[PDB]
Amino acid sequence: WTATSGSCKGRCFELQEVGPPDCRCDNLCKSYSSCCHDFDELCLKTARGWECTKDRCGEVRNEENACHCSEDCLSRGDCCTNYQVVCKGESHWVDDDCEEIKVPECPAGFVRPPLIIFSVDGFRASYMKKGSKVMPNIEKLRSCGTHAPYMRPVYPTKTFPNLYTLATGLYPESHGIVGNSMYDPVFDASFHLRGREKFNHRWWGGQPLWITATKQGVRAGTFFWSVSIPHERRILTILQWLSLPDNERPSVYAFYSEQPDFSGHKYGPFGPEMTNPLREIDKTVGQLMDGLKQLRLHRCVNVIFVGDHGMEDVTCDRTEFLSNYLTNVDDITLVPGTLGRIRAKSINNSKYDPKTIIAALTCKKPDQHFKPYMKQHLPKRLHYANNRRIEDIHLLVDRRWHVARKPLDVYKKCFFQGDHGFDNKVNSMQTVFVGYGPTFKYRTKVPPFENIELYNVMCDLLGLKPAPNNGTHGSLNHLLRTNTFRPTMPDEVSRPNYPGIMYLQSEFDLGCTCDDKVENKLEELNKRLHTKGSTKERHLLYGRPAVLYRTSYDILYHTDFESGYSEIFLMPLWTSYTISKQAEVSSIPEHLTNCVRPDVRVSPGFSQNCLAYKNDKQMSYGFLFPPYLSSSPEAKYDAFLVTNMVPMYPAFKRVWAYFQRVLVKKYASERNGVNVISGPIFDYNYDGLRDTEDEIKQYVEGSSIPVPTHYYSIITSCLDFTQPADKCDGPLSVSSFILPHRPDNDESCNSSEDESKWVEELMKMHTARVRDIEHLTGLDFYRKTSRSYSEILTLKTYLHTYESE
Ligand SMILES: *[C@@H]1O[C@H](CO)[C@@H](O[C@@H]2O[C@H](CO)[C@@H](O[C@@H]3O[C@H](CO[C@H]4O[C@H](CO)[C@@H](O)[C@H](O[C@H]5O[C@H](CO)[C@@H](O)[C@H](O)[C@@H]5O[C@H]5O[C@H](CO)[C@@H](O)[C@H](O)[C@@H]5O)[C@@H]4O)[C@@H](O)[C@H](O[C@H]4O[C@H](CO)[C@@H](O)[C@H](O)[C@@H]4O[C@H]4O[C@H](CO)[C@@H](O)[C@H](O)[C@@H]4O)[C@@H]3O)[C@H](O)[C@H]2NC(C)=O)[C@H](O)[C@H]1NC(C)=O
Ligand SMILES: Cn1c(C(=O)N2CCC23COC3)cnc1COc1cc(Cl)c(C#N)cc1C(C)(C)C
Ligand SMILES: [Ca+2]
Ligand SMILES: [Ca+2]
Ligand SMILES: [K+]
Ligand code: NA
Ligand SMILES: [Zn+2]
């Protein structure tokens, strides 16, 4: 209840929200229904429009007007944005030449350059090229400042999750806004676009930029604009705030446009009707810049022009209906559209079985335009699992499609030609980034990056310490002229042991056989030196990974590969090797087929055993260093050491064998050699983070050999591919993956065919950043390069997306 008979005179767009039942004059008052009676009269003035004209110049201030053309407007900071253009012979900002901004050029009293965040809903990355003729203010920002070709949103590629990610540097699973619509079973409440529950603060976790600012003494304008405030009024209000005195003036501001999303849904991303919404947004940018220029702030302020997500062509007829798959369709609730989330319509229905749902949704139609997942089996790059608001069953929808429960839902609600929400690597979902100001670089193009990284940079631009977040602080230093953040590499927590030969063969009772009884001092010293680390500079190109947690492990050297062997997990944390462009593939000889050899540096008690695998009828084993790529027949015996073995389901061995026997050599031919680091990942609680011993849910039968949930590989070469991977002078090139370790290939509908028709497509789906693998393993890679650490941080956040340009 609001007592809406107090006043808004001299309080219009107050920055301090006052508690009801005092009447509010701030941005959320409309969205609460609590504005003072005169809010619209005093704070939403529109008389005479938004532009000066020749006749208005020098007018007598008249306070009914929307903005002013009187002589005193500048020192009041409430001129129409085109006042000096119309009345004082000045040029529009867009008509002025680009001039480098080397230092903030700010009025006295500014303690730091302000930041303005200009966010644009549904501004797809390709609009920067395709709409350039109709967006000259935006093109100037882009060409004069720092820009990326595109920015990667988070999943799902919806508005709230993305804007809230921008604000917090957090994945949706950690900030809590995991969708535009949500059910939280702990609160037993629902969050929707429509309605009031979304305003409750228990939905919104982490710490958003405006709180981070406030807690550190930096004031903020509003981030949420009521839909009934026109864009011109948002701009004027920001300009007004910027005219405030030092002790009251915010240092961070946000503008938000509903366009071009709003049109894009009606007309498709490139509908002919889209030209006008792009013109209008551009005009709004020009208003701001002319406005800043009048106030002498246009070479003082940092401006970020950023979108939340793009827009794809989607129509009614490209809908999949769960009712075509499931007989039980009324026993489930679906969150529908460009993704799907399924839970039971009622939790008193004990008949509901997720596994049978999954099975009924799996590879049933030959061109099925969605794929069902248990949420822990989703590509780890999505980071979309560790929140009780994300339902266990998820449907990843093909680009251009929708999923719905029943046909009645899609014709009792065709209306739309555009939607978004799909997998965040889809080109159509990509969005924009331009930074313009003194703190940003001048006419600089930077590579694509993820929006989770911006919170850190915004904090850097404002002199704030970021709250803990999923950004990699430093990885965007190359966007910035100054205020870079210079991190140190984390400190190694466990130092390795380097065991020599300590055990005799007969001390091992493993159930393991190897037909290796096949007997000189030229190559006896040669092999001892391989075991003491003589080829290590070849196979460990970027130093050994640092183990960032407390554990017990051994460095094991070999001719063809080096490993960090865990005595706790009984396998390598990592195995590292280099495959030159000229390496040859050889087959596994028959004397070695089911050969596994004891490793005489590692006790029987810290080794795997073959008998466990023989007993375990579901689980087989593979190798981390692939025997197919051994350098010589004498070296191939090393690949069969028990310390190179890892548990693998036979269904996953098909994938693994193809990667090892075919793809690694293909990559080495394409990239002029590759270095490979492979290993296991254990993420049984799907938090994106390395499990401890006590989190492991599955062991090889009758043993303490833990079963990985995933296998990773990091494939590094020279960005200049005329240099070989092992002799690279400059910047590196990387691709990686995190392959789910699954007992079937249900995920791949074409898996009954030969591996050349499906394995690579699976691997691309599970592409990863090095940084994802770091979180998952507690390892820190690229410790010893000749590159700057920020450049390495950028490499570690790179994601190879396998989309065309
Ligand atoms: C992305 O970056 C983020 C931020 O860096 C990373 O997330 C962090 O991960 C940390 C490690 O998991 C985690 O640390 C835990 O914090 C617990 C205290 O948490 C509260 O306070 C913090 C600080 O202000 C706040 O951030 C939290 O907010 C969460 O919770 C509410 C909802 O409940 C949400 O609104 C909010 O969005 C956020 O939710 C997210 O986090 C929680 C987990 O905290 C998830 O469940 C949600 O799904 C969502 O993802 C909280 O308000 C603290 O209690 C934990 O400590 C336990 O473990 C240690 C082990 O050493 C032990 O010493 C402690 O005693 C404690 O154990 C006891 O409790 C156990 C569980 O109940 C019990 O089993 C034991 O028996 C023990 O008695 C822990 O330190 C940190 O909270 C989050 N922060 C955020 C914002 O998410 C994230 O990991 C990064 N992602 C990747 C892939 O890198
Ligand atoms: C999205 N929006 C809405 C919105 O949707 N309105 C008004 C009517 C409805 C439709 O449904 C309700 C209003 N104003 C915004 C901008 O929000 C932001 C912008 C930015 Cl730049 C950042 C950042 N960084 C963060 C936000 C949040 C505050 C979302 C977190
Ligand atoms: Ca949006
Ligand atoms: Ca985990
Ligand atoms: K077996
Ligand atoms: Na299959
Ligand atoms: Zn939209």
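Residues numbered from 1 in each chain as written, not as in the entry; some residues may be left out. Chains lettered and ligands numbered in written order. Heavy atoms only, no water. Residues with missing side-chain atoms left out of burial classes, pairs and counts.

## Brief notes about the site of ligand 1
Line of reasoning, step 1. Inspection of the region around ligand 1 gives 14 residues, with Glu173, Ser174, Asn386, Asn387 and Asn470 positioned closest.
Line of reasoning, step 2. At 2.2 Å, a side-chain N or O of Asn470 approaches an oxygen atom of ligand 1.
Line of reasoning, step 3. Relative to its free-state accessible area of 1,500 Å², ligand 1 is covered by the protein chains to the extent of 33%.
Line of reasoning, step 4. With three residues, helix 8 (residues 172–175) is the single largest residue contributor to the shell around ligand 1.
Line of reasoning, step 5. Residue composition of the shell around ligand 1, grouped by class: three nonpolar, nine polar and two charged. (Near = heavy atom within 4 Å. Polar contact = N/O pair within 3.5 Å; in protein donor to acceptor, adjacent residues only side chain to side chain. Areas by Shrake-Rupley, 256 points an atom, 1.4 Å probe, with all protein chains shown as cover. Helix = DSSP H or I, 4+ residues; strand = E, 2+ residues; numbered from the N terminus. Nonpolar A, V, L, I, M, F, W, Y, C, P; charged D, E, K, R; others polar.)

## Focus: the environment of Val596
Line of reasoning, step 1. Topologically, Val596 is positioned in the loop between strand 22 (571–579) and helix 18 (610–615).
Line of reasoning, step 2. Residue classification places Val596 among the buried positions, given a relative accessible area of 1%.
Line of reasoning, step 3. Taking C-alpha positions, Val596 is 41 Å from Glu791, a pair spaced 195 residues apart along the chain.
Line of reasoning, step 4. Excluding residues that lie within four positions of it along the chain, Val596 makes contacts with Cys512, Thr513, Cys514, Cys610, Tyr621, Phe640, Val642 and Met645. (Buried < 20%, exposed > 50% of the residue type's maximum accessible area, 1.4 Å probe, protein only. Contact = heavy atoms within 4.5 Å.)

## What about the pattern of salt bridges?
Between side chains of opposite charge, a pair can form as their charged atoms come close.
Line of reasoning, step 1. Under the defined criterion, the tally for this structure stands at 50 salt bridges.
Line of reasoning, step 2. Notably, a salt bridge pairs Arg388 with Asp184, separated by 2.9 Å at the nearest N-O pair. Of the two residues, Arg388 is situated in the loop between strand 12 (370–374) and strand 13 (393–397) and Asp184 in strand 4 (residues 182–184); the sequence distance between them amounts to 204 residues.
Line of reasoning, step 3. In this structure, a network of salt bridges that share partners links the residues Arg61, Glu63, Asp72, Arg76 and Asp78. (Salt bridge = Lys/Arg side-chain N within 4 Å of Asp/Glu carboxyl O.)

## A look at the state of the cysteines
Line of reasoning, step 1. Across all of its chains, the model carries 15 disulfides by this definition.
Line of reasoning, step 2. Here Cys8 is linked by a disulfide to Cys25, with a sulfur-sulfur distance of 2.0 Å. Looking down the S-S bond of the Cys8 and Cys25 bridge, the torsion is -110°, so its handedness is left-handed. Linking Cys8 in the segment before helix 1 (29–32) with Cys25 in the segment before helix 1, this pair joins segments that are 17 residues apart in sequence. You'll find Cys8 and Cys25 in the same group, each marked buried.
Line of reasoning, step 3. The residue that forms a disulfide with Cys29 is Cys35, at a sulfur-sulfur distance of 2.1 Å. The sign of the 90° torsion about the S-S bond sets the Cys29-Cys35 disulfide as right-handed. In this structure, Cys29 and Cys35 share a single accessibility class: buried. (Disulfide = S-S within 2.5 Å.)

## Some remarks on the coordination of the calcium ion (ligand 3)
Line of reasoning, step 1. Only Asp121 (OD), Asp121 (OD), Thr159 (OG1), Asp308 (OD) and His309 (NE2) from the protein coordinate the calcium ion (ligand 3), and they sit 1.9 to 2.7 Å from it.
Line of reasoning, step 2. Sequence spacing of the donor residues for the calcium ion (ligand 3), all on one chain, is D-x37-T-x148-D-H. (Donors = N, O, S within 2.8 Å, 3.2 Å for Na, K, Ca; no water.)

## Details of the coordination of the potassium ion (ligand 5)
Line of reasoning, step 1. Taken together, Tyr613 (O), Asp616 (O) and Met619 (O) make up the full set of protein donors to the potassium ion (ligand 5), lying 2.3 to 2.5 Å away.
Line of reasoning, step 2. Taking relative accessible area as the criterion, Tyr613 reaches 6% and is therefore assigned buried.
Line of reasoning, step 3. A relative accessible area of 3% means that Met619 is categorised as buried.

## Let's talk about the packing of helix 10 (residues 231–242) against helix 12 (residues 275–294)
Line of reasoning, step 1. Where helix 10 meets helix 12, the closest approach of the two axes is 10 Å, and the angle between their N-to-C directions is 20°. As far as their axial angle goes, helix 12 and helix 10 are roughly parallel. Handedness of the crossing formed by helix 10 with helix 12: right-handed. Where helix 10 approaches helix 12, its residues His231, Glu232, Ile235, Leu239 and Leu242 are matched on the opposing element by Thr284, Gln287, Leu288, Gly291 and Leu292. (Axes fitted to C-alpha atoms, helices over the stretch in contact; angles between N-to-C directions. Parallel < 35°, antiparallel > 145°, perpendicular 65-115°, else oblique. Left-handed = near helix turned anticlockwise from the far one by under 90°.)

## Let's talk about the packing of helix 6 (residues 136–144) against helix 12
Line of reasoning, step 1. Running from amino to carboxyl end, helix 6 crosses helix 12 at an angle of 65°, the nearest separation of the two axes being 7 Å. Each of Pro136, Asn137, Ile138 and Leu141 in helix 6 lies in contact with helix 12, whose residues at this interface are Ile281, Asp282, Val285, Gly286 and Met289.
Line of reasoning, step 2. Looking at the contact of helix 6 with helix 12 residue by residue, the classes come out as six nonpolar, two polar and one charged.

## A few points about the side chain of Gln259
Line of reasoning, step 1. Tracing the backbone shows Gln259 in strand 6 (residues 252–260).
Line of reasoning, step 2. Side-chain polar atoms of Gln259 contact the backbone nitrogen of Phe262, separated by 3.5 Å.
Line of reasoning, step 3. Contact partners of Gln259, with chain neighbours within four places excluded, come to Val120, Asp121, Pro277 and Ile281.

## Let's talk about the site of ligand 2
Line of reasoning, step 1. The local shell around ligand 2 holds 13 residues, among which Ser119, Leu163, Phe223, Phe224 and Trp225 are the closest.
Line of reasoning, step 2. For the shell around ligand 2, the elements supplying multiple residues, two or more each, are strand 1 (115–121) and helix 7 (159–168).
Line of reasoning, step 3. Residue contributions to the shell around ligand 2 peak at five residues, all from helix 7.

## Quick look at a positive patch on the surface
Line of reasoning, step 1. On the surface, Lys521, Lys527, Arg528 and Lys532 cluster together into a patch of positive charge.
Line of reasoning, step 2. In this structure, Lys527 sits in helix 16 (residues 522–531). (Patch = residues over 30% accessible without salt bridge, like charges linked within 9 Å, V, L, I, M, F, W, Y side chains within 5 Å. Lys, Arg positive; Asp, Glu negative; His and termini not counted. Charge placed at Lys NZ, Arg CZ, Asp CG, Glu CD.)

## Regarding the sheet that holds strand 22
As a general point, the strands of a sheet are linked pairwise by backbone hydrogen bonds and lie either parallel or antiparallel.
Line of reasoning, step 1. Taken in spatial order, the seven strands make up an open sheet running 20-21-22-25-26-27-28, and their pairing is antiparallel. In this open sheet, the two edge strands, each paired with only one partner strand, are strand 20 (553–557) and strand 28 (767–768).
Line of reasoning, step 2. Taken together, the five bridges between strand 21 (residues 562–566) and strand 22 define a ladder with antiparallel strand orientation. Considered in strand 22, the bridge of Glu562 is made with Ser576.
Line of reasoning, step 3. Contacts from helix 20 (residues 650–671) reach strand 22, strand 25 (674–681), strand 26 (710–718) and strand 27 (732–740), with the element oriented near 5° to strand 26. (Pairing = 2+ DSSP bridges.)

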